[PDB]
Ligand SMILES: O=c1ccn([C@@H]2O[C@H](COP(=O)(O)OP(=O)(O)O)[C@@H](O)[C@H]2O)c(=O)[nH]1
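Given as structure tokens, the chain that follows is alone and in the form solved without the ligand.
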């Protein structure tokens, strides 16, 4: 498809899930060849793996002393809509979490797309690859379309779940919310994170129950969200991606490990 930007500036705002601080975004149109980048305090931070500074419970980027936490959800939405040129100005320290899903970003951006004049140079996975870490695994292989499967094995009533995204089914993952388990939240807070987490933006699960009065949006909401996360992290390759991916219990750290291995393989087709 064609490279795309946004027609008009778009703004979003609200608390960040990890900092608990209120932040604001302004998404700016950009010309062909710009790529996706963030902007904070006069500094541009490209949405690329080289700028990753943290991957525990979120994917965070930084450059020249400026940091932005939790880029994965806005990047996933941009990846899914194939927005390729845009500046995300951040006033604050984190992307707003909103309702925990990509829905608000997705609906607003989808109605505000501007087609541009050259085609997208997709990052096309050229051969099979597997990355592993402590029982977790992610595999990628060539595909003309983006296909992403996540399989989880949860230590509560959910047990084993898997979900597969394919192109055309974007609406199946952009409403799936971030989630946490009650027995893990104390640790997360103790290590300086989750300060903005609440039942308003997080699906909170116990061994045998759901805390949110509204319940789950889908019986497999957690693995839908994990697919959504992975698609955001994959955009750190710097272009929309064509490939078939399977993640078993993956998280941001493993996702970024995969991205870095893929990028290394193709640095001399991509940089040209």
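Residue numbers count along the first chain shown, from 1.
This next part talks about the form solved in complex with the ligand, which is not shown.
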item	value
Partner proximity in the entry with it bound: residue 152 to the ligand, non-hydrogen atom cutoff 4.5 Å	yes
Touches the ligand in the entry with it bound: residue 106 (any heavy atom, 4.5 Å)	no
Close approach of residue 144 to the ligand in the entry with it bound, 4.5 Å, heavy atom	no
In the entry with it bound, residue 257 touching the ligand (heavy atom, 4.5 Å)	no
Listed range touching the ligand, judged in the entry with it bound by heavy atoms within 4.5 Å, from 162-170, 119-127, 179-187, 85-93	179-187
